[PDB]
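model_10.txt follows (compact mmCIF, C-alpha atoms):
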```txt
# COMPACT_ATOMS: atom_id res chain seq x y z
CA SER S 2 10.26 -9.50 -1.44
CA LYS S 3 13.48 -8.62 -3.18
CA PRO S 4 16.78 -8.89 -1.44
CA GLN S 5 18.89 -5.75 -1.00
CA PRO S 6 19.54 -4.16 -4.37
CA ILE S 7 22.85 -3.20 -5.86
CA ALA S 8 23.80 -0.22 -8.04
CA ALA S 9 27.24 -0.77 -9.52
CA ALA S 10 29.42 1.62 -11.49
CA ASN S 11 31.90 0.07 -13.85
CA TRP S 12 34.69 2.54 -14.53
CA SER S 20 35.49 14.49 -13.97
CA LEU S 21 36.07 11.26 -12.02
CA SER S 22 36.67 13.43 -8.90
CA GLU S 23 33.63 15.48 -9.89
CA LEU S 24 31.60 12.38 -9.84
CA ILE S 25 33.05 11.27 -6.54
CA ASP S 26 32.23 14.65 -5.07
CA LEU S 27 28.70 14.30 -6.46
CA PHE S 28 28.34 10.88 -5.01
CA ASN S 29 29.62 12.06 -1.62
CA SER S 30 27.03 14.91 -1.49
CA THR S 31 24.27 12.55 -2.52
CA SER S 32 21.71 11.40 -0.02
CA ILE S 33 20.45 7.90 -0.45
CA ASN S 34 17.65 7.04 1.75
CA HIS S 35 16.73 3.49 0.93
CA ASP S 36 18.46 0.20 1.47
CA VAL S 37 20.72 -0.08 -1.45
CA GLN S 38 24.30 -1.18 -1.87
CA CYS S 39 26.30 1.04 -4.18
CA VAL S 40 29.50 -0.09 -5.75
CA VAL S 41 32.27 1.56 -7.74
CA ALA S 42 34.54 -0.87 -9.75
CA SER S 43 37.79 0.59 -10.92
CA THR S 44 41.04 -0.02 -12.70
CA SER S 45 44.06 -0.24 -10.49
CA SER S 46 45.03 3.01 -12.08
CA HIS S 47 42.28 4.87 -10.25
CA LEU S 48 41.89 2.43 -7.37
CA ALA S 49 43.80 4.55 -4.84
CA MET S 50 42.06 7.78 -5.74
CA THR S 51 38.64 6.39 -5.51
CA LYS S 52 39.74 4.58 -2.46
CA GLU S 53 40.47 7.79 -0.68
CA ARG S 54 38.12 10.33 -2.28
CA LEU S 55 34.97 8.20 -1.97
CA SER S 56 33.51 8.50 1.55
CA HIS S 57 29.81 7.74 1.16
CA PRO S 58 28.57 5.17 3.66
CA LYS S 59 26.47 3.35 1.12
CA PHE S 60 29.36 3.00 -1.37
CA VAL S 61 31.95 0.32 -1.61
CA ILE S 62 34.81 0.00 -4.05
CA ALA S 63 35.50 -2.97 -6.20
CA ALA S 64 38.42 -4.17 -8.22
CA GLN S 65 38.18 -5.35 -11.80
CA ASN S 66 40.68 -8.13 -11.89
CA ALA S 67 43.21 -10.10 -9.87
CA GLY S 68 45.95 -11.95 -11.58
CA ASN S 69 46.75 -14.33 -8.75
CA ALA S 70 47.03 -15.12 -5.10
CA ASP S 71 49.48 -12.41 -4.51
CA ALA S 72 47.23 -9.95 -6.25
CA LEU S 80 44.24 -11.00 -4.26
CA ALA S 81 46.18 -10.54 -1.01
CA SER S 82 47.37 -7.09 -1.83
CA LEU S 83 43.83 -6.04 -2.60
CA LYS S 84 42.75 -7.08 0.83
CA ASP S 85 45.67 -5.32 2.38
CA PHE S 86 44.37 -2.29 0.59
CA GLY S 87 40.82 -2.61 1.87
CA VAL S 88 39.16 -3.75 -1.38
CA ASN S 89 36.69 -6.46 -0.57
CA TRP S 90 34.75 -6.68 -3.77
CA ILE S 91 35.63 -7.91 -7.27
CA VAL S 92 34.08 -7.99 -10.78
CA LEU S 93 34.69 -11.21 -12.70
CA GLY S 94 33.92 -12.56 -16.08
CA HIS S 95 33.26 -9.22 -17.73
CA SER S 96 32.61 -9.48 -21.45
CA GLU S 97 35.94 -8.13 -22.61
CA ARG S 98 37.70 -10.67 -20.50
CA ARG S 99 35.85 -13.53 -22.10
CA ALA S 100 36.40 -12.05 -25.54
CA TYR S 101 39.94 -10.90 -25.49
CA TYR S 102 41.64 -12.31 -22.47
CA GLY S 103 41.34 -16.04 -23.02
CA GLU S 104 38.84 -16.34 -20.21
CA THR S 105 36.66 -19.30 -20.82
CA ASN S 106 33.68 -20.37 -18.81
CA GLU S 107 35.85 -22.64 -16.73
CA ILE S 108 38.54 -20.06 -16.17
CA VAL S 109 35.98 -17.64 -14.90
CA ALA S 110 34.49 -20.25 -12.60
CA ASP S 111 37.96 -20.94 -11.12
CA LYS S 112 38.58 -17.20 -10.67
CA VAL S 113 35.23 -16.80 -8.96
CA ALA S 114 36.09 -19.62 -6.56
CA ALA S 115 39.56 -18.31 -5.78
CA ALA S 116 38.08 -14.92 -4.98
CA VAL S 117 35.53 -16.47 -2.75
CA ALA S 118 38.18 -18.53 -0.97
CA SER S 119 39.91 -15.29 -0.06
CA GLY S 120 36.79 -13.80 1.57
CA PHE S 121 35.81 -11.65 -1.40
CA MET S 122 32.35 -10.50 -2.45
CA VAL S 123 32.03 -11.34 -6.10
CA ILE S 124 30.10 -10.03 -9.06
CA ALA S 125 30.22 -12.71 -11.73
CA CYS S 126 29.09 -11.64 -15.16
CA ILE S 127 27.27 -13.82 -17.69
CA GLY S 128 25.41 -13.19 -20.96
CA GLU S 129 24.94 -14.20 -24.60
CA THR S 130 26.24 -12.65 -27.85
CA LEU S 131 24.00 -11.30 -30.57
CA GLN S 132 24.82 -14.38 -32.56
CA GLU S 133 23.85 -16.63 -29.74
CA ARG S 134 20.72 -14.56 -29.32
CA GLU S 135 19.77 -14.79 -33.04
CA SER S 136 20.53 -18.51 -33.12
CA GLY S 137 17.89 -18.91 -30.40
CA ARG S 138 20.64 -20.27 -28.07
CA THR S 139 20.32 -17.77 -25.17
CA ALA S 140 19.03 -20.07 -22.48
CA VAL S 141 21.58 -22.69 -23.10
CA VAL S 142 24.44 -20.27 -23.19
CA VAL S 143 23.36 -18.72 -20.01
CA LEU S 144 22.77 -21.89 -18.24
CA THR S 145 26.06 -23.24 -19.40
CA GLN S 146 27.91 -20.20 -18.04
CA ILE S 147 26.20 -20.26 -14.68
CA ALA S 148 26.47 -24.01 -14.36
CA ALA S 149 30.29 -23.82 -14.77
CA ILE S 150 30.28 -21.30 -11.96
CA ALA S 151 28.10 -23.44 -9.71
CA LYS S 152 30.44 -26.38 -10.24
CA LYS S 153 33.14 -24.85 -8.06
CA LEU S 154 30.97 -23.33 -5.29
CA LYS S 155 29.32 -24.94 -2.35
CA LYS S 156 25.90 -23.85 -1.03
CA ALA S 157 27.37 -21.62 1.60
CA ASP S 158 29.56 -19.78 -0.95
CA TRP S 159 26.53 -18.36 -2.69
CA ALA S 160 26.24 -15.79 0.02
CA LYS S 161 29.27 -14.18 -1.51
CA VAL S 162 28.12 -14.17 -5.12
CA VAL S 163 26.22 -11.67 -7.16
CA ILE S 164 25.08 -12.52 -10.69
CA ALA S 165 25.27 -9.84 -13.33
CA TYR S 166 23.37 -10.80 -16.48
CA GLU S 167 24.65 -8.70 -19.41
CA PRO S 168 23.70 -9.31 -23.07
CA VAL S 169 26.85 -8.69 -24.91
CA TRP S 170 24.89 -6.88 -27.62
CA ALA S 171 23.67 -4.44 -25.04
CA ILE S 172 27.00 -3.46 -23.57
CA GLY S 173 27.98 0.06 -24.62
CA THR S 174 25.81 -0.19 -27.75
CA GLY S 175 22.83 2.04 -26.88
CA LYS S 176 20.67 -1.03 -27.48
CA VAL S 177 19.21 -1.94 -24.12
CA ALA S 178 17.26 -5.04 -23.44
CA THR S 179 13.59 -4.54 -23.16
CA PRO S 180 12.25 -5.19 -19.79
CA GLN S 181 10.65 -8.32 -21.03
CA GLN S 182 13.97 -9.60 -22.26
CA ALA S 183 15.75 -8.87 -19.05
CA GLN S 184 13.08 -10.46 -16.84
CA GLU S 185 12.98 -13.54 -18.98
CA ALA S 186 16.67 -13.91 -18.65
CA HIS S 187 16.70 -13.24 -14.88
CA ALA S 188 13.80 -15.60 -14.24
CA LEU S 189 15.54 -18.39 -16.13
CA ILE S 190 18.69 -17.99 -14.06
CA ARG S 191 16.79 -17.90 -10.79
CA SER S 192 14.77 -20.96 -11.53
CA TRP S 193 17.86 -22.88 -12.38
CA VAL S 194 19.45 -21.69 -9.20
CA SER S 195 16.44 -22.60 -7.22
CA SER S 196 16.28 -26.06 -8.76
CA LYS S 197 19.94 -26.95 -8.81
CA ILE S 198 20.97 -25.23 -5.63
CA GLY S 199 17.99 -24.46 -3.48
CA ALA S 200 15.03 -22.14 -2.97
CA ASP S 201 16.64 -20.37 -0.06
CA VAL S 202 19.69 -19.45 -2.06
CA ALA S 203 17.65 -18.50 -5.05
CA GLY S 204 15.44 -16.35 -2.94
CA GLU S 205 18.37 -14.49 -1.65
CA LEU S 206 20.34 -14.06 -4.79
CA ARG S 207 20.81 -10.65 -6.38
CA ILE S 208 20.62 -10.87 -10.13
CA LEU S 209 21.69 -7.56 -11.71
CA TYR S 210 20.98 -6.37 -15.21
CA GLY S 211 23.71 -4.66 -17.23
CA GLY S 212 23.98 -3.20 -20.69
CA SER S 213 23.08 0.34 -21.67
CA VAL S 214 21.13 1.11 -18.62
CA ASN S 215 20.48 4.84 -18.29
CA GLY S 216 18.45 7.21 -16.09
CA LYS S 217 15.35 6.93 -18.28
CA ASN S 218 15.24 3.18 -18.83
CA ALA S 219 16.29 2.17 -15.31
CA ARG S 220 12.99 2.46 -13.46
CA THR S 221 11.06 0.04 -15.67
CA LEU S 222 13.84 -2.49 -15.65
CA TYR S 223 14.04 -2.41 -11.91
CA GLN S 224 10.32 -2.96 -11.62
CA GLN S 225 10.69 -6.46 -13.08
CA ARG S 226 10.22 -9.15 -10.55
CA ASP S 227 13.62 -10.68 -10.90
CA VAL S 228 15.81 -7.62 -11.30
CA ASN S 229 17.86 -6.64 -8.24
CA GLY S 230 19.86 -3.74 -9.63
CA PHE S 231 22.40 -2.87 -12.27
CA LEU S 232 25.88 -2.96 -13.62
CA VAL S 233 26.38 0.40 -15.33
CA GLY S 234 29.13 1.53 -17.57
CA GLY S 235 28.50 4.74 -19.60
CA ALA S 236 25.73 6.24 -17.57
CA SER S 237 28.01 5.81 -14.47
CA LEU S 238 30.39 8.37 -15.79
CA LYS S 239 27.57 10.87 -15.58
CA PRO S 240 25.40 12.41 -12.94
CA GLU S 241 22.52 10.38 -14.19
CA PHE S 242 23.97 7.57 -12.17
CA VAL S 243 22.33 9.12 -9.17
CA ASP S 244 19.03 8.63 -10.92
CA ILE S 245 20.04 5.10 -11.57
CA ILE S 246 20.58 4.65 -7.83
CA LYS S 247 17.09 6.12 -7.14
CA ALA S 248 15.41 3.70 -9.61
CA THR S 249 16.09 0.99 -7.04
CA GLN S 250 13.76 2.55 -4.52
```
Encoding of this model in structure tokens:
Amino acid sequence: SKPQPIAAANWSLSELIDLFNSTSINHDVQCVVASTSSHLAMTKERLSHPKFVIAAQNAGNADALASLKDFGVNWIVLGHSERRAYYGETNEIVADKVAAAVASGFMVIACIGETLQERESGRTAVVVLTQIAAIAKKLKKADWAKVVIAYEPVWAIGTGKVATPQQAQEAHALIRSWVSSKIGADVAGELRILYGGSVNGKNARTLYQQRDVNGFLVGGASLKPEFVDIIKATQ
């Protein structure tokens, strides 16, 4: 059925780490904690759960990517909404960043998603396909084993306005079909497409039940104990 699911936290911090460490996860799930360099070290050494991995948020360049590795960070979050909005990161720039991360043996979480405006304008599909297509342009079939797609409606990020399950699934299904048709069924079949944007402990379970949802990218709810519930919704 579904490939291994991911539960990612996009960053009391020690309190949460302690909580995570004491937490028993019994199913096959990959947990991730993405942090700012500021808290990278701490998390790096406080976090000891076997099912958790730490991820970085951004790498300026080659040197930065190397130092991460030297530090043991093997995962990275790219193309997050604020980057695209306020950091001059265009579709193409993100694609290039995704490829450079891959080239350095990184596991990547590439984020995509439309704005409210794009959503009102009935332009969702195109936007989404355009963003993914620019990504796909710089990867080769084998590289896809290192990619994770995080679909996040910009209007749902931090707003309290989560996508209905029908919205999410429609989005995820679109992405997968394109992947399957442009890249290949095998890749498609294996690809983890996460949902992100106001996920919480109550809405998680229903979202996860959608055929094409493989987990989440969680901001707010990850700074709380409910995150644990988020992890369990992937059972």
Each residue of stretch 203-222 of chain S with at least one atom at most 10 Å from stretch 187-198 of chain S should appear once, together with its nearest atom pair and the corresponding distance in Å (one decimal); atoms considered: only C-alpha atoms; ordering: chain, then increasing residue number; output as JSON lines.
```
{"residue": "S:203", "atom": "CA", "partner": "S:195", "partner_atom": "CA", "distance": 4.8}
{"residue": "S:204", "atom": "CA", "partner": "S:195", "partner_atom": "CA", "distance": 7.6}
{"residue": "S:205", "atom": "CA", "partner": "S:191", "partner_atom": "CA", "distance": 9.9}
{"residue": "S:206", "atom": "CA", "partner": "S:191", "partner_atom": "CA", "distance": 8.0}
{"residue": "S:207", "atom": "CA", "partner": "S:191", "partner_atom": "CA", "distance": 9.4}
{"residue": "S:208", "atom": "CA", "partner": "S:187", "partner_atom": "CA", "distance": 6.6}
{"residue": "S:209", "atom": "CA", "partner": "S:187", "partner_atom": "CA", "distance": 8.2}
{"residue": "S:210", "atom": "CA", "partner": "S:187", "partner_atom": "CA", "distance": 8.1}
```
Completion exercise
Closest of S:140, S:233, S:126, S:40 to residue S:182, counting only C-alpha atoms, is S:140
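Among the candidates S:161, S:176, S:153, S:138, the one nearest to residue S:108 when counting all atoms listed in the file is S:153.
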Exercise for the section: Kindly indicate which residue among S:23, S:129, S:158, S:107 lies nearest to residue S:212, using all atoms listed in the file for the distances. Expected result: S:129
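The residue that comes closest to residue S:148, out of S:3, S:181, S:127, S:27 and on the basis of all atoms listed in the file, is S:127.
Proximity to residue S:110 was assessed for S:229, S:43, S:34, S:145 counting only C-alpha atoms; the smallest distance is recorded for S:145.
Restricting the calculation to only C-alpha atoms, the smallest distance between residue S:179 and any of S:25, S:154, S:149, S:219 is found for S:219.
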Handout entry: Residue neighbourhood stretch 216-218 of chain S, 8 Å, all atoms listed in the file, exclusion window fewer than 3 positions, as a list in words
Key = residues 221, 222, 236, 241, 242, 244, 245 and 248 of chain S
Handout entry: Gap from atom CA of residue S:97 to atom CA of residue S:118 - Å, one decimal
Key = 24.1 Å
Completion exercise
re atom CA of residue S:230 and atom CA of residue S:215: distance 12.2 Å
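When atom CA of residue S:11 is paired with atom CA of residue S:232, their separation reads 6.7 Å.
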Padding of 3 Å on every side, edges along x, y and z, all listed atoms of stretch 26-41 of chain S included: what centre and edge lengths in Å, to one decimal, does that box have, as AutoDock Vina command-line options?
```
--center_x 24.5 --center_y 6.9 --center_z -3.0 --size_x 21.5 --size_y 22.1 --size_z 15.5
```
Go through stretch 116-196 of chain S residue by residue and, counting only C-alpha atoms, keep those with an atom at most 12 Å from stretch 61-64 of chain S; for each kept residue give the shortest atom pair and its distance in Å to one decimal, ordered by chain and increasing number, as CSV.
```
residue,atom,partner,partner_atom,distance
S:116,CA,S:64,CA,11.2
S:121,CA,S:63,CA,9.9
S:122,CA,S:63,CA,9.0
S:123,CA,S:63,CA,9.1
S:124,CA,S:63,CA,9.3
```
Write out as an mmCIF file with C-alpha atoms, in the frame of the given file which residues come within 12 Å of residue S:169 when counting all atoms listed in the file, dropping same-chain ones fewer than 5 positions away.
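As written to disk, around_32.cif reads:
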```cif
data_model
loop_
_atom_site.group_PDB
_atom_site.id
_atom_site.type_symbol
_atom_site.label_atom_id
_atom_site.label_comp_id
_atom_site.auth_asym_id
_atom_site.auth_seq_id
_atom_site.Cartn_x
_atom_site.Cartn_y
_atom_site.Cartn_z
ATOM 1 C CA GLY S 94 33.920 -12.560 -16.080
ATOM 2 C CA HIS S 95 33.260 -9.220 -17.730
ATOM 3 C CA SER S 96 32.610 -9.480 -21.450
ATOM 4 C CA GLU S 97 35.940 -8.130 -22.610
ATOM 5 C CA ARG S 98 37.700 -10.670 -20.500
ATOM 6 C CA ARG S 99 35.850 -13.530 -22.100
ATOM 7 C CA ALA S 100 36.400 -12.050 -25.540
ATOM 8 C CA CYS S 126 29.090 -11.640 -15.160
ATOM 9 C CA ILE S 127 27.270 -13.820 -17.690
ATOM 10 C CA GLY S 128 25.410 -13.190 -20.960
ATOM 11 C CA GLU S 129 24.940 -14.200 -24.600
ATOM 12 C CA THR S 130 26.240 -12.650 -27.850
ATOM 13 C CA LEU S 131 24.000 -11.300 -30.570
ATOM 14 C CA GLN S 132 24.820 -14.380 -32.560
ATOM 15 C CA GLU S 133 23.850 -16.630 -29.740
ATOM 16 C CA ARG S 134 20.720 -14.560 -29.320
ATOM 17 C CA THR S 139 20.320 -17.770 -25.170
ATOM 18 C CA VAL S 142 24.440 -20.270 -23.190
ATOM 19 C CA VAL S 143 23.360 -18.720 -20.010
ATOM 20 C CA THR S 174 25.810 -0.190 -27.750
ATOM 21 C CA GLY S 175 22.830 2.040 -26.880
ATOM 22 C CA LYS S 176 20.670 -1.030 -27.480
ATOM 23 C CA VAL S 177 19.210 -1.940 -24.120
ATOM 24 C CA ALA S 178 17.260 -5.040 -23.440
ATOM 25 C CA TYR S 210 20.980 -6.370 -15.210
ATOM 26 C CA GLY S 211 23.710 -4.660 -17.230
ATOM 27 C CA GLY S 212 23.980 -3.200 -20.690
ATOM 28 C CA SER S 213 23.080 0.340 -21.670
#
```
Exercise for the section: List the neighbours of residue S:33 out to 12 Å using all atoms listed in the file; skip same-chain residues closer than 6 positions along the sequence, and give me the result as a VMD selection string. Expected result: chain S and resid 8 39 57 to 60 243 to 250
Put those residues in a file: C-alpha atoms, as an mmCIF file, in the frame of the given file.
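Resulting contents of result-v4.cif:
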```cif
data_model
loop_
_atom_site.group_PDB
_atom_site.id
_atom_site.type_symbol
_atom_site.label_atom_id
_atom_site.label_comp_id
_atom_site.auth_asym_id
_atom_site.auth_seq_id
_atom_site.Cartn_x
_atom_site.Cartn_y
_atom_site.Cartn_z
ATOM 1 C CA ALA S 8 23.800 -0.220 -8.040
ATOM 2 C CA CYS S 39 26.300 1.040 -4.180
ATOM 3 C CA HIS S 57 29.810 7.740 1.160
ATOM 4 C CA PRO S 58 28.570 5.170 3.660
ATOM 5 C CA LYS S 59 26.470 3.350 1.120
ATOM 6 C CA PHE S 60 29.360 3.000 -1.370
ATOM 7 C CA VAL S 243 22.330 9.120 -9.170
ATOM 8 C CA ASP S 244 19.030 8.630 -10.920
ATOM 9 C CA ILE S 245 20.040 5.100 -11.570
ATOM 10 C CA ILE S 246 20.580 4.650 -7.830
ATOM 11 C CA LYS S 247 17.090 6.120 -7.140
ATOM 12 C CA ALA S 248 15.410 3.700 -9.610
ATOM 13 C CA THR S 249 16.090 0.990 -7.040
ATOM 14 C CA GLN S 250 13.760 2.550 -4.520
#
```
